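**Q** So that we are looking at the same thing, I have put the structure below in structure tokens.
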Amino acid sequence: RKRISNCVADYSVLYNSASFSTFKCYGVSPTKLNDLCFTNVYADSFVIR
Amino acid sequence: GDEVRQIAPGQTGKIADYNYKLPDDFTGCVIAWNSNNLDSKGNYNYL
């Protein structure tokens, strides 16, 4: 679990990058991520079947 | 083939937003089938 804070996050490149098999967002639209913003972001990365 | 799911109302993506967009109130049917035995060669005529 990695803390992300006190920085500017550009989700447009993450969205338009084709290297991701699945990019599906639940509580927020992926398009609107650039406008609205958060107190912190958590990136839980792991590998599974 | 993996972009077939993008052809649906309320969907977004590299295909659903740039080259082919359907209305959120789309009424109709979408029919697709693989063309691996017809279009595949390498076939570079599709962009």
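In the structure tokens, each chain is lettered A, B, ... as it comes, each chain's residues begin at 1, and ligands are numbered from 1 in order of appearance.
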Which residues are close to range 9-15 of chain B, i.e. within 12 Å by only C-alpha atoms, leaving aside same-chain residues fewer than 3 positions away? Reply as a PyMOL selection string.

**A** (chain A and resi 12+15-18+20-25+29-31) or (chain B and resi 1-6+18-30+47)

**Q** Enumerate as a short mmCIF file (atom, residue, chain, number, x, y, z; two decimals) with C-alpha atoms, in the first residue's frame all residues of chain A assigned to helix (DSSP H, G or I) by DSSP on the backbone, naming them with the chain letters and numbers the document uses.

**A**
data_model
loop_
_atom_site.label_atom_id
_atom_site.label_comp_id
_atom_site.auth_asym_id
_atom_site.auth_seq_id
_atom_site.Cartn_x
_atom_site.Cartn_y
_atom_site.Cartn_z
CA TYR A 11 -4.81 10.51 -15.18
CA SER A 12 -5.24 11.31 -18.89
CA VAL A 13 -2.05 9.47 -19.86
CA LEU A 14 -3.04 6.50 -17.69
CA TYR A 15 -6.46 6.43 -19.36
CA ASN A 16 -5.27 6.72 -22.96
CA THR A 31 -12.67 11.14 -17.87
CA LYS A 32 -13.46 13.46 -14.94
CA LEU A 33 -10.39 12.45 -12.90
CA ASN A 34 -8.41 15.45 -14.18
#

**Q** Go through B:7, B:34, B:17, B:39 and flag the residue nearest chain A, using only C-alpha atoms for the distances.

**A**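 Looking only at the distances to chain A, the closest residue turns out to be B:17.
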
**Q** Find the residues around residue 41 in chain A up to 10 Å (only C-alpha atoms counted), leave out those fewer than 4 positions away in its own chain, and share them as a list in words.

**A** residues 2, 3, 4, 5, 6, 7, 9 and 37 of chain A

**Q** One number please: CA of residue 10 in chain A to CA of residue 36 in chain A, in Å, one decimal.

**A** 11.4 Å

**Q** So how many Å separate CA of residue 31 in chain B and CA of residue 43 in chain B, to one decimal?

**A**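 Spanning CA of residue 31 in chain B to CA of residue 43 in chain B is a straight-line distance of 22.2 Å.
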
**Q** Report, in Å to a single decimal, how far apart CA of residue 16 in chain B and CA of residue 8 in chain A are.

**A**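 Taking CA of residue 8 in chain A as the start and CA of residue 16 in chain B as the end point, the length is 27.5 Å.
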